[PDB]
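> As numbered in PDB author numbering, residues 1 to 553 make up the sequence shown, in order.
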Amino acid sequence: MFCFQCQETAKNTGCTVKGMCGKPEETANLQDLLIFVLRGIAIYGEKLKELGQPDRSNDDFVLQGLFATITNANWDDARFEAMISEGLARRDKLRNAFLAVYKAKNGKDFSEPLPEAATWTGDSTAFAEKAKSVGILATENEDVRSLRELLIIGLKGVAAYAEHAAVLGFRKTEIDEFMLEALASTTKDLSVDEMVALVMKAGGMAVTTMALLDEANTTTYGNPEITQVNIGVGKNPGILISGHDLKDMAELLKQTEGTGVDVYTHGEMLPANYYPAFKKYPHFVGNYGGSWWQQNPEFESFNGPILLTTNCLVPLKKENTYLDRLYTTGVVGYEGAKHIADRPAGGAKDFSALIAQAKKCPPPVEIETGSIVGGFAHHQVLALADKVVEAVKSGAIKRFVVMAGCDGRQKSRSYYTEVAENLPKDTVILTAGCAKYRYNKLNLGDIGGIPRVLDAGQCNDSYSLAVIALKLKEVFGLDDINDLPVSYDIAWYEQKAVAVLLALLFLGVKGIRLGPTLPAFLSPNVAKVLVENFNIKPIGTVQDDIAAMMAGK
Ligand code: SF4
Ligand code: SF3
Numbered sequence: 001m002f003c004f005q006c007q008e009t010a011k012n013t014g015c016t017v018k019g020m021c022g023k024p025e026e027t028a029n030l031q032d033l034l035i036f037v038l039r040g041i042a043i044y045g046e047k048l049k050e051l052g053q054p055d056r057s058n059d060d061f062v063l064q065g066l067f068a069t070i071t072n073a074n075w076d077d078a079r080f081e082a083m084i085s086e087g088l089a090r091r092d093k094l095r096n097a098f099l100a101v102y103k104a105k106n107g108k109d110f111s112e113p114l115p116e117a118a119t120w121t122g123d124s125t126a127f128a129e130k131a132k133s134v135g136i137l138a139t140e141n142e143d144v145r146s147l148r149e150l151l152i153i154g155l156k157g158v159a160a161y162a163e164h165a166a167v168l169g170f171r172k173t174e175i176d177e178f179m180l181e182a183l184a185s186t187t188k189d190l191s192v193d194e195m196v197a198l199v200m201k202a203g204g205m206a207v208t209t210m211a212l213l214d215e216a217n218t219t220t221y222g223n224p225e226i227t228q229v230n231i232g233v234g235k236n237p238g239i240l241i242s243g244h245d246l247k248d249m250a251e252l253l254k255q256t257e258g259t260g261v262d263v264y265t266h267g268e269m270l271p272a273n274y275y276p277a278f279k280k281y282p283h284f285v286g287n288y289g290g291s292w293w294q295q296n297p298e299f300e301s302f303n304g305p306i307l308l309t310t311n312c313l314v315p316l317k318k319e320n321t322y323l324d325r326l327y328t329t330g331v332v333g334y335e336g337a338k339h340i341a342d343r344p345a346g347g348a349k350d351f352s353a354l355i356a357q358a359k360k361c362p363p364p365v366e367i368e369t370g371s372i373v374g375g376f377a378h379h380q381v382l383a384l385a386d387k388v389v390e391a392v393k394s395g396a397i398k399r400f401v402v403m404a405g406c407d408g409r410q411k412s413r414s415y416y417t418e419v420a421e422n423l424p425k426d427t428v429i430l431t432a433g434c435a436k437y438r439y440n441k442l443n444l445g446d447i448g449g450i451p452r453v454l455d456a457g458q459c460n461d462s463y464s465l466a467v468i469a470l471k472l473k474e475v476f477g478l479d480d481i482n483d484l485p486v487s488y489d490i491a492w493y494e495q496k497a498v499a500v501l502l503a504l505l506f507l508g509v510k511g512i513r514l515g516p517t518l519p520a521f522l523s524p525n526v527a528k529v530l531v532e533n534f535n536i537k538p539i540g541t542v543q544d545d546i547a548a549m550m551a552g553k
């Protein structure tokens, strides 16, 4: 196999036998074949748009297919086989439409050779062998490989956010068109300039999509507000919801109301606690545990059903007993888990089986007590802008440090905890994404009532952090966003973080520290382009990085 799309990739080079995440060769290869088929869809879809007869019938399929290949999203080879077969059928429909339109517009049959992605077909028994030759290593040149895979990795992250927006009824044609432009581009022989421009365009589309998702989440569930979230437990059986999807949360809360089953969040569902639409339910207890990588013991000790709405779901340890109460939904899949089918148009998912099972479970084992404060998304922070601006001009706040992104397993991530602990007492940490769990249970206090850790929400709520920076740029009358008293020390793991990074680069943010390592999918020459254009940096020691950040470097 070959996969290098996450921070934990083997030797920071690539997983070649079995993924460090647990992904077996067969699964890895099937994900490659799915992406191959999506490239085929894209070739015809792009051509149809160019001919003035766009077909948007595959929009959701494309988003879901990309999302299913995110790290820790889908482990079920049966699901991939089904998606690949469906993809081939969708592709062939587009092919036939294209051929007819091309002939009408040109007065002759289409005759140009196409990449194999556009033409190869087989039944499911042919997939395993074909998959071996259509993956990342099919691109021989390391710079072409790096730029194509950077694009697809960023694109998957964008697709995830676009899927959540689509679930909520929010779509933009430009996003779905760009999915096909980007995918099709990776079958073409393009210059480095063209390939880099596509990556920058993806960053701009990450801005568009993150804005759309922010609109969707806040229009539907309200603006996040300051909330104190309990991290202890009650004495009722509960259902633990993890991942990111807020519509699943809305439906789970409605369906559990009055049943005697409590609802708890986990991981990237913590920010559901911040939304007024959800705060109204008394049986929504709070948040259980930490970030995704601790889930084996935590899902175990929770005792009730666990619902994974998105990544990250990790393989069960052999000693874990929660498979029989593990539920997947959306793009998530896991062999032997129970999957909750997609909602029908105008309807709702059916969580009744989780509720019935939860009534037979003991309540959660308490693993800590206390609280986490959050809800500082853009409406909330902009409301406080006068107070923040006066604190900066008076010197009470010397600097903001953006420490958003993803958590993960590697012990080097103690860096993030130590930075939070050792930053001067006149700084404020801004966060979003599960990177927060390295420092959100500390006792860092406040500056004149502004907490020293401001949690804007999920990784997608990095959007709020960008909105806040842009607003402060205006209030302070600065010409360059980088001259704000803000430093960026971002942790990354999976592909949504790459989308966020590309958005920040598109917005012109330079000097970002990215860690705890730099992506394996940046070739030396491509890394040089990013350093030259954007001054991206690796992490150093805690002491050195704090000093440099306080100096604005
Ligand atoms: S998702 Fe990450 S750990 Fe898993 S196979 Fe790919 S690079 Fe390796
Ligand atoms: Fe939405 S941030 Fe990226 S790592 Fe897996 S849930 Fe976390």
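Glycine included, every Cβ here is placed at the ideal spot set by N, Cα and C.
(1) Leaving out five residues before and five after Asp189 in sequence, what residues of the same chain have Cβ atoms less than 6 Å from its Cβ?
(2) Name the residue from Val101, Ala128, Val134 whose alpha carbon lies nearest to the alpha carbon of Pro115.
(3) Compute the minimum distance between the beta carbon of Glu8 and the heavy atoms of the ligand SF4, and state whether it is under 7 Å.
(4) What is the residue span of the beta strand (DSSP E) that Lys280 lies within?
(5) DSSP three-state call for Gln543: helix, strand or coil?
(6) Using a Cβ-Cβ cut-off of 6 Å (strictly less than) and excluding sequence neighbours within five positions of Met195, which residues of its own chain qualify?
(7) Starting from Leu430, follow the beta strand (DSSP E) in both directions and report where the run begins and ends.
(8) Go through its chain and collect everything with a Cβ distance to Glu142's Cβ below 6 Å, but skip five positions before and after it.
(9) Within 10 angstroms of the Cβ of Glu319, are there 16 or more other Cβ atoms? Answer buried if so, exposed if not.
(10) Please give the ranges of any alpha helix (DSSP H) in the region 359 to 427, keeping only runs that are unbroken, at least 4 residues long and fully inside the region.
(11) Between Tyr415 and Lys49, what straight-line distance do the alpha-carbon atoms span, to the nearest angstrom?
(12) Pairs of beta-carbons, one from the region 453 to 462 and one from the region 266 to 282, closer than 8 Å: are there three or more?
(13) State the start and end residues of the unbroken beta strand (DSSP E) segment that holds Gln294.
(14) Counting only the same chain and skipping the five closest in sequence on each side, list residues whose C-beta sits under 6 Å from that of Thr328.
(15) Who are the near neighbours of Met20 in its chain, counting only those whose CB is closer than 7 Å to its CB and skipping five residues on each side?
(16) Going by Cα to Cα distance, which pick from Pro538, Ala497, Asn525 is closest to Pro516?
(17) When the Cα atoms are used, what is the spatial distance from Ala216 to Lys247?
(18) Return helix, strand or coil for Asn482, following the three-state DSSP convention.
(19) What would DSSP say about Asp76, mapped onto helix, strand or coil?
(20) Report the start-end ranges of each alpha helix (DSSP H) in the region 445 to 509 that is 4 residues or longer and not cut off at the edges.
(21) Any heavy atom of the ligand SF3 closer than 7 Å to the Cβ of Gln5?
(22) With a cut-off of 8 Å, do at least 3 Cβ pairs link the region 25 to 43 to the region 112 to 129?
(23) Quick one: residues in its chain with C-beta nearer than 7 Å to the C-beta of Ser412, no 5 flanking neighbours on either side, listed in chain order?
(24) Alpha carbons only, please: which of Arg325, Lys279, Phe278, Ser85 is nearest the one belonging to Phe299?
(25) Is the CB-CB distance between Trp293 and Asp461 below 8 Å?
(26) Based on the DSSP output, what are the partners of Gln357 in its beta bridges?
(27) Do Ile481 and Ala497 have their C-beta atoms closer together than 8 Å?
(28) In or out: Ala78 buried (at least 16 other Cβ within 10 Å) or exposed?
(29) Taking just the CA atoms, how far does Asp193 sit from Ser371?
(30) Provide the residue(s) that pair with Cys15 in DSSP beta bridges, ordered along the chain.
(31) Note down, in chain order, each residue of its chain lying with its Cβ closer than 8 Å to the Cβ of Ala547, except the 5 sequence neighbours on either side.
(32) Can you find at least 3 beta carbon pairs, one from the region 224 to 239 and one from the region 197 to 209, that sit closer than 8 Å?
(33) Using 10 angstroms around the beta-carbon of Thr369, count the other beta-carbons present and answer buried if the total reaches 16, otherwise exposed.
(34) For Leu180 and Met200, I'd like the C-alpha separation in whole angstroms.
(35) Spatial neighbours of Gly375 within its chain, please: C-beta separation below 6 Å, excluding the five flanking residues on both sides.
(36) Nearest by alpha-carbon distance to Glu177: which of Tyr488, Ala197, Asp214, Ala202 is it?
Here's the rundown:
(1) Taking the first residue of the sequence shown as position 1, residue 189 is located at position 189. Same-chain partners within the cutoff: there are none.
(2) Within the sequence shown, numbered from 1, the residue matching residue 115 stands at position 115. Checked all of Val101, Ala128, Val134; the closest Cα to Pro115 is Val134.
(3) Sequence index remark: in the sequence shown, residue 8 carries index 8 (1-based). Checking every heavy atom of the ligand SF4 against the Cβ of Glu8, one is found closer than 7 Å.
(4) If you number the sequence shown from 1, residue 280 lands on position 280. Counting along the chain, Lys280 falls outside any beta strand (DSSP E), and DSSP gives it neither H nor E.
(5) Against the sequence shown, residue 543 aligns to sequence position 543. In this structure, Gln543 counts as helix in the three-state DSSP scheme.
(6) Here the question's residue 195 lines up with position 195 in the sequence shown. Cβ neighbours of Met195 beyond the five flanking positions: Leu147.
(7) To locate residue 430, count along the sequence shown from 1; it is residue 430. Unbroken beta strand (DSSP E) run through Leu430: 427 to 431.
(8) If you number the sequence shown from 1, residue 142 lands on position 142. Only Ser523 meet the Cβ criterion.
(9) Position 319 of the sequence shown, counted from the start, is the residue given in the question as residue 319. Exposed, because fewer than 16 other Cβ atoms sit within 10 Å of the Cβ of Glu319.
(10) 378 to 383, 385 to 394, 414 to 422
(11) The sequence position of residue 415 within the sequence shown is 415, counting from 1. The sequence position of residue 49 within the sequence shown is 49, counting from 1. For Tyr415 and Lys49, the distance between alpha carbons rounds to 48 Å.
(12) yes
(13) One-based indexing of the sequence shown puts residue 294 at position 294. Careful: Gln294 lies outside any beta strand (DSSP E) and carries neither H nor E.
(14) Walking along the sequence shown from the start, residue 328 turns up at place 328. Excluding sequence neighbours, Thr328 sits near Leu308, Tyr334, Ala337, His339.
(15) Position 20 of the sequence shown, counting from 1, holds the residue named residue 20. Answer for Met20: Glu8, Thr9, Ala10, listed in chain order.
(16) Position 516 of the sequence shown holds residue 516. Of the listed residues, the one whose Cα sits closest to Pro516 is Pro538.
(17) As a position in the sequence shown, residue 216 is number 216, starting the count at 1. As a position in the sequence shown, residue 247 is number 247, starting the count at 1. Computed Cα separation, rounded: 10 Å.
(18) One-based indexing of the sequence shown puts residue 482 at position 482. It is helical.
(19) As a first step, residue 76 must be located in the sequence shown, where it is residue number 76. Coil.
(20) 462 to 475, 495 to 506
(21) Counting from 1 along the sequence shown, the entry for residue 5 is found at position 5. No - the ligand SF3 has no heavy atom lying nearer than 7 Å to the Cβ of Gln5.
(22) yes
(23) On the sequence shown, position 412 is the one that residue 412 refers to. For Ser412, where only same-chain residues beyond five positions count, the Cβ hits under 7 Å are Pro516.
(24) As a working mapping, residue 299 is identified with position 299 in the sequence shown. It is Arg325 whose Cα lies nearest to the Cα of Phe299.
(25) Numbered from its first residue, the sequence shown carries residue 293 at position 293. Numbered from its first residue, the sequence shown carries residue 461 at position 461. The answer is no: Cβ separation not under 8 Å.
(26) Here residue 357 refers to the residue found at position 357 of the sequence shown. DSSP, once it has assigned bridges, lists no residue as partnering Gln357.
(27) Here residue 481 refers to the residue found at position 481 of the sequence shown. Here residue 497 refers to the residue found at position 497 of the sequence shown. Not a contact, by the Cβ cut-off of 8 Å.
(28) In the sequence shown, residue 78 corresponds to position 78, counting from 1. Flag for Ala78 reads exposed.
(29) Your numbering for residue 371 matches position 371 in the sequence shown. Your numbering for residue 193 matches position 193 in the sequence shown. Those two C-alpha atoms are separated by around 49 Å.
(30) Along the sequence shown, read from residue 1 onward, the residue named residue 15 stands at position 15. The partner list for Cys15 (beta bridge, DSSP) reads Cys3.
(31) As a position in the sequence shown, residue 547 is number 547, starting the count at 1. Excluding sequence neighbours, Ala547 sits near nothing in its chain.
(32) no
(33) The residue labelled residue 369 in the question sits at position 369 within the sequence shown. The residue in question, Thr369, is exposed, as its Cβ has fewer than 16 Cβ neighbours within 10 Å.
(34) Sequence index remark: in the sequence shown, residue 180 carries index 180 (1-based). Sequence index remark: in the sequence shown, residue 200 carries index 200 (1-based). Going from the Cα of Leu180 to the Cα of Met200 covers about 16 Å.
(35) Sequence index remark: in the sequence shown, residue 375 carries index 375 (1-based). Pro224, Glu225, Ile226, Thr227, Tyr274, listed in sequence order.
(36) As a working mapping, residue 177 is identified with position 177 in the sequence shown. Cα-wise, what sits closest to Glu177 is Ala202.
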